[PDB]
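Novice: Going down the list, the protein sequences come from chains E and A.
Residue numbers for the first sequence follow PDB author numbering, so the first one is 101 and each next one is one higher.
Residue numbers for the second sequence follow PDB author numbering, so the first one is 351 and each next one is one higher.
Where a beta carbon is used, it is the ideal one built from N, C-alpha and C, also for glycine.
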Amino acid sequence: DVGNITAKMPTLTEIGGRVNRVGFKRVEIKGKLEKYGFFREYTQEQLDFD
Amino acid sequence: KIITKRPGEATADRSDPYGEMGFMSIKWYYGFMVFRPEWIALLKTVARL
């Protein structure tokens with residue numbers, strides 16, 4: 101918006117002084133790990149006689 | 351003795367982080383001695399006759 105930008109511009113006078121201060125920030129991102137698996141069983145007789 | 355501080359980097363001045371102000375000062379010492387005070391004469395009179 102033009103009005104908000106104009107109304108909050110960092111103007112400076114002749115005397116200066118503590119008139120405009122700013123700050124900065126950082127955030128963090130995460131991750132994870134998981135384990136999966138599956139198995140199968142059988143017998144010998146269900147292989148030879150098939 | 352003359353001390354001049356010009357506006358700019360020389361006046362970082364944390365209370366004013368832009369250094370837009372400067373100044374200049376003069377300072378000296380003075381003293382007086384008297385030998386033979388009887389050689390000085392003073393007359394105190396009214397004015398405007």
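State the DSSP-derived secondary structure class of E:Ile-105, mapped to helix, strand or coil.
Specialist: Counted from its first residue, the first sequence places residue 105 of chain E at position 5. Residue state, collapsed to three classes: helix.
Novice: DSSP puts A:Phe-373 in a beta bridge; with which residues?
Specialist: Looking up residue 373 of chain A in the second sequence gives position 23. Its beta-bridge partners are A:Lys-355.
Novice: Check distances from the C-beta atoms of the segment 117–128 of chain E to those of chain A and list, in chain order, the residues that come in under 8 Å.
Specialist: Here the close residues are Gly-117 and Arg-118.
Novice: First and last residue of the alpha helix (DSSP H) that includes E:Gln-144?
Specialist: Along the first sequence, read from residue 1 onward, the residue named residue 144 of chain E stands at position 44. Taken as a continuous stretch (DSSP letters only), E:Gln-144 belongs to no alpha helix (DSSP H), as it is neither H nor E.
Novice: So, using beta-carbon positions, are E:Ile-115 and A:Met-371 closer together than 8 Å?
Specialist: Residue numbering aside, residue 115 of chain E sits at position 15 when the first sequence is read from its first letter. Residue numbering aside, residue 371 of chain A sits at position 21 when the second sequence is read from its first letter. Yes. Within cutoff.
Novice: Mind checking the segment 352–378 of chain A against chain E and listing, in chain order, the residues whose C-beta falls within less than 8 Å of any C-beta there?
Specialist: Listed by position, the residues of the segment 352–378 of chain A near chain E (Cβ gap below 8 Å) are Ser-365, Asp-366, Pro-367, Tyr-368, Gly-369, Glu-370 and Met-371.
Novice: Based on Cα-Cα distance, which residue from A:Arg-386, A:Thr-354, A:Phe-382 and A:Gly-369 lies nearest to A:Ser-375?
Specialist: Residue mapping note: residue 375 of chain A aligns to position 25 of the second sequence, counting from 1. Nearest C-alpha to A:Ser-375: A:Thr-354.
Novice: Short of 7 Å in beta carbon distance, which residues of its chain neighbour A:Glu-359, apart from the five on each side in sequence? Order them along the chain.
Specialist: Counted from its first residue, the second sequence places residue 359 of chain A at position 9. These residues qualify, in order along the chain: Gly-369.
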